[PDB]
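The analysis underlying the following values was restricted to heavy atoms, covering all of them including side chains, and did not include hydrogens, waters or symmetry mates. Every chain is numbered from 1, with letters handed out A, B, ... down the list of sequences.
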Amino acid sequence: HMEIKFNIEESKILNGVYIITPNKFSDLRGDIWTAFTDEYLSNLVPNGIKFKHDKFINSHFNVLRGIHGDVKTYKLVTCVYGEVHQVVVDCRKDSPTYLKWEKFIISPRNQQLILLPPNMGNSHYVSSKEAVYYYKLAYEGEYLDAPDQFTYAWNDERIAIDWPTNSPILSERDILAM
Amino acid sequence: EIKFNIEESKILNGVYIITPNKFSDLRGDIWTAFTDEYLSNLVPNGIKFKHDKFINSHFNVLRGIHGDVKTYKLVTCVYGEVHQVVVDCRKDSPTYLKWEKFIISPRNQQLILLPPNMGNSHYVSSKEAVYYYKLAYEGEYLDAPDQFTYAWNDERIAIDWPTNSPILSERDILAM
Ligand SMILES: Nc1nc2c(ncn2[C@@H]2O[C@H](COP(=O)(O)OP(=O)(O)O)[C@@H](O)[C@H]2O)c(=O)[nH]1
Ligand SMILES: Nc1nc2c(ncn2[C@@H]2O[C@H](COP(=O)(O)OP(=O)(O)O)[C@@H](O)[C@H]2O)c(=O)[nH]1
Ligand SMILES: [Cl-]
Ligand SMILES: [Cl-]
């Protein structure tokens, strides 16, 4: 309610993936909450990698963005309006859980932030009319844009993600990967 | 490429208006609210944006006017629409108790840089709003006990608000 808190839990199935739950102050006006402080959450990235980049992704119902990643970028991801099927893919070839995945259904009603290490596939599906997706990026030097990221097809038969659609709205990048 | 326009207010010195661009397509929009690279020259050496908050409010909620002695704030509305009102609460400023309104929404995605000792307020004109707020400060977070409050309808300030009957916290009522 009053003092800022975070519950932090490692994924039981994907090493290095973390589920962060903030508390909220709630009254008749709505809610206040802290998505991030340096003091509480800077330790979940290795020495002198700093979250230094904040992005919003506004998406319509049935949009699916993914599956995207790169070797530089730690991501802290949540949904601050509406609802998403957030799916993290293990893309580490050395990992026992290579090309396995974990889904989190994230909304203000279940306000979780997911921490992905680098070399992980990031994706989400918008299950609400509209969604606002918030994420913090931690990386050294220059942002890795689309041409330098990898792409796996949302419906890659090796990964076999459970999505609640057969007909998602996709970018040409995310269609090409099919 | 990630673009930010940085413009100083024509009304309140030290208040900056930051305008991002967006990638817009059939899916919606992708935009960057903040990078250390582009926006850290807006606060002094040694002082970092290190704290990210969200305020979810219903239609006709007014929160404000709030400030403190040390916090730099970068504020915007990422969903719905707010009348964002910055009040100059610096007594040594020539524009003490002047104000500037920004009607912020996804269709006008300005982020407002407030220095310390400024009045921060917003009114929700949409059914719901998501207010996003980055804080830059040295040391420990200043909570409500260590904040000043000016009344939303203080006649010395005379803010143009869309209503005479907003929904207010006990704190923002006391200030009246
Ligand atoms: N859990 C949590 N509570 C908060 C946070 N920020 C403020 N509060 C609490 O919510 C109440 C209202 O704070 P205030 O700054 O007066 O709220 P405002 O009217 O939205 O500006 C106080 O009890 C605060 O301690 C936060 O980030 N997390
Ligand atoms: N202006 C701007 N463009 C961006 C941003 N992030 C991505 N883009 C562009 O948006 C398009 C889609 O990017 P991508 O990373 O493929 O989007 P996703 O499929 O939603 O993850 C590309 O042309 C990118 O260069 C941003 O923060 N700002
Ligand atoms: Cl991503
Ligand atoms: Cl404030």
Side-chain angles (χ1 to χ4, degrees), chain A residues 9 11-14 17-21 35 54-70 73-91 97-137 145-146 149-178, chain B residues 22-33 54 56 78-80 106 128 130:
Chain A
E9 186 205 328
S11 163
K12 289 295 204 284
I13 49 161
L14 299 188
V17 178
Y18 292 85
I19 303 86
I20 300 129
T21 316
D54 305 82
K55 293 185 60 145
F56 292 93
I57 307 185
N58 297 295
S59 297
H60 318 301
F61 175 70
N62 194 47
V63 163
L64 199 170
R65 298 190 186 244
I67 295 157
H68 309 159
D70 65 73
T73 312
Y74 291 79
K75 308 178 174 157
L76 184 70
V77 305
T78 194
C79 178
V80 300
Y81 182 83
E83 190 185 71
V84 306
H85 293 221
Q86 166 65 43
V87 179
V88 174
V89 182
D90 193 343
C91 298
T97 54
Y98 183 53
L99 296 188
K100 315 295 142 147
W101 58 269
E102 188 167 24
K103 185 194 290 199
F104 313 89
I105 299 159
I106 309 179
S107 70
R109 314 175 339 263
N110 176 61
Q111 197 74 75
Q112 291 178 315
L113 309 104
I114 316 306
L115 191 173
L116 292 73
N119 204 14
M120 303 292 285
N122 191 34
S123 66
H124 71 278
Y125 174 79
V126 182
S127 54
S128 61
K129 181 194 168 63
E130 306 289 352
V132 184
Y133 187 90
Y134 171 56
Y135 71 125
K136 293 198 71 81
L137 293 82
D145 200 15
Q149 298 171 10
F150 60 82
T151 313
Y152 283 92
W154 69 277
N155 67 346
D156 186 297
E157 289 175 351
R158 304 169 283 183
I159 314 177
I161 296 153
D162 178 22
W163 298 112
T165 183
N166 299 307
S167 63
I169 303 169
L170 301 167
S171 72
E172 287 309 301
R173 163 185 187 180
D174 292 348
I175 288 167
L176 203 53
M178 317 164 81
Chain B
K22 315 192 158 178
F23 188 81
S24 299
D25 72 2
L26 76 176
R27 299 179 294 162
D29 313 287
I30 316 169
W31 62 276
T32 292
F54 291 92
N56 298 306
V78 295
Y79 185 76
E128 307 297 344
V130 184

Using a 3.5 Å cut-off and no angle test, enumerate the donor-acceptor pairs between side-chain atoms of residues 111-118 of chain A and protein atoms at least two apart in sequence or in another chain.
unit_1, atom_1, unit_2, atom_2, d
A:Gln111, OE1, A:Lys24, NZ, 3.1
A:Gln111, NE2, A:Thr78, OG1, 3.0
A:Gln111, NE2, A:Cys79, O, 2.7
A:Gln112, OE1, A:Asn110, ND2, 2.8

key: Under-4.0 Å salt bridge between A:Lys12 and A:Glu102   = no

ask   = Checking A:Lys103 side chain against A:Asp162 main chain: does a donor-acceptor pair fall under 3.5 Å?
value = yes

key: A:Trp154 side chain to A:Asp174 backbone, donor-acceptor under 3.5 Å   = no

ask   = Distance-only, no hydrogens or angles: does the A:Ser123 side chain make a donor-acceptor pair with backbone N or O of A:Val87 under 3.5 Å?
value = yes

ask   = Given side chains that start at C-beta, do those of A:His85 and A:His124 come closer than 4.5 Å, heavy atoms only?
value = no

inquiry  = If I take atom OH from residue A:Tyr152 and atom CG from residue A:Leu99, how far apart are they, to the nearest 0.5 angstrom?
reply    = 5.0 Å

inquiry  = Which heavy atom of A:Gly121 sits nearest to which heavy atom of A:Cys91, and what is that distance?
reply    = N-SG, 3.4 Å

message = I'd like to know if the side chain of A:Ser107 and the backbone of A:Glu83 have a donor-acceptor N/O pair within less than 3.5 Å.
response = no

key: Pairs involving residues 55-67 of chain A, ordered by first then second residue, that meet salt bridge (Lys or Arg N to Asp or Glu O under 4.0 Å) (sequence neighbours left out)   = none

inquiry  = Less than 3.5 Å apart, any donor N or O on the side chain of A:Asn62 or A:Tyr125 sitting next to an acceptor on the other?
reply    = yes

remark   = The reported gap from CD in A:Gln149 to CZ in A:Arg173 (rounded to nearest 0.5 angstrom) is 4.5 Å

